[PDB]
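J.: The structure under discussion is supplied below as structure tokens; questions concerning it will follow.
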Amino acid sequence: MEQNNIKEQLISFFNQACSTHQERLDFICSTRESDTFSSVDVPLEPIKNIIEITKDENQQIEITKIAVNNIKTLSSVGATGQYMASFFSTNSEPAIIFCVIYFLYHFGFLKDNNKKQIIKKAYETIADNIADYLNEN
């Protein structure tokens, strides 16, 4: 079809898991509002593929910064912004790779040596706060 690779591998799988788009905004919450965090509205079959990606050192690292690459950006979100979600509907490619990050952390998969507030912390601070404007869903 066309160029592709890791990035694609992620999209594919992920895309071959969830359903609609809003799902994401639903995950951030649904995810951190389930019980097993593995019954979410998504198959583990594919997710397992997007899960066995950060099972590598350099990976975990490259991922860490990767996650921050978004956080560092989430520390602005335009000027007249409000919801962080708006900062995804536009670019899915990234909003995807990221979504993967979150989920992982939401399921305690990704690794990152460093105590105190971290990604899962920030990502959660938003995934949650963002769920404060959604509709408690």
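In the structure tokens, each chain is lettered A, B, ... as it comes, each chain's residues begin at 1, and ligands are numbered from 1 in order of appearance.
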For residue 89 of chain A, list every protein, DNA or RNA residue within 9 Å, evaluated using only C-alpha atoms, and leave out those in the same chain fewer than 3 positions away; present the list as a ChimeraX atom specification.

T.: /A:21-22,85-86,92,95

J.: Restrict the selected residues to C-alpha atoms and save them as a short mmCIF file (atom, residue, chain, number, x, y, z; two decimals), in the first residue's frame.

T.:
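Result file is again15.cif:
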data_model
loop_
_atom_site.label_atom_id
_atom_site.label_comp_id
_atom_site.auth_asym_id
_atom_site.auth_seq_id
_atom_site.Cartn_x
_atom_site.Cartn_y
_atom_site.Cartn_z
CA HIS A 21 -12.73 7.60 17.90
CA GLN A 22 -14.42 8.99 20.99
CA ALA A 85 -8.76 16.07 24.00
CA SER A 86 -8.97 18.79 21.37
CA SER A 92 -4.51 10.92 15.22
CA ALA A 95 -2.80 10.90 19.43
#

J.: Need to verify the contact set: segment 53-70 of chain A, 12 Å, only C-alpha atoms, exclusion of same-chain residues closer than 5 positions in sequence. Can you return it as a PyMOL selection string?

T.: chain A and resi 6-7+9-10+13-14+46-48+75-77+84+87-88+91+94-105+108-114+118-123+126

J.: Using only C-alpha atoms, which of A:11, A:131, A:71, A:44 sits nearest residue 25 of chain A?

T.: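 Closest candidate: A:131.
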
J.: May I ask which of the residues A:5, A:12, A:30, A:20 is the closest one to residue 136 of chain A, counting only C-alpha atoms?

T.: A:30

J.: Looking at A:82, A:45, A:117, A:51, which one is nearest to residue 132 of chain A, with distances taken over only C-alpha atoms?

T.: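 Under the stated criterion, the closest residue is A:82.
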
J.: Please identify which residues in segment 50-126 of chain A DSSP calls alpha helix (DSSP H) from the backbone, and express them as a PyMOL selection string.

T.: chain A and resi 50-51+57-74+86-89+92-106+119-126

J.: Between atom CA of residue 31 of chain A and atom CA of residue 19 of chain A, measure the distance and give it in Å to one decimal.

T.: 14.7 Å

J.: Quick check, in Å to one decimal: how far apart do atom CA of residue 124 of chain A and atom CA of residue 106 of chain A lie?

T.: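 That distance, rounded to one decimal, is 8.1 Å.
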
J.: Have a look at atom CA of residue 16 of chain A and atom CA of residue 52 of chain A and let me know their distance in Å, one decimal.

T.: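 Separation between atom CA of residue 16 of chain A and atom CA of residue 52 of chain A: 15.1 Å.
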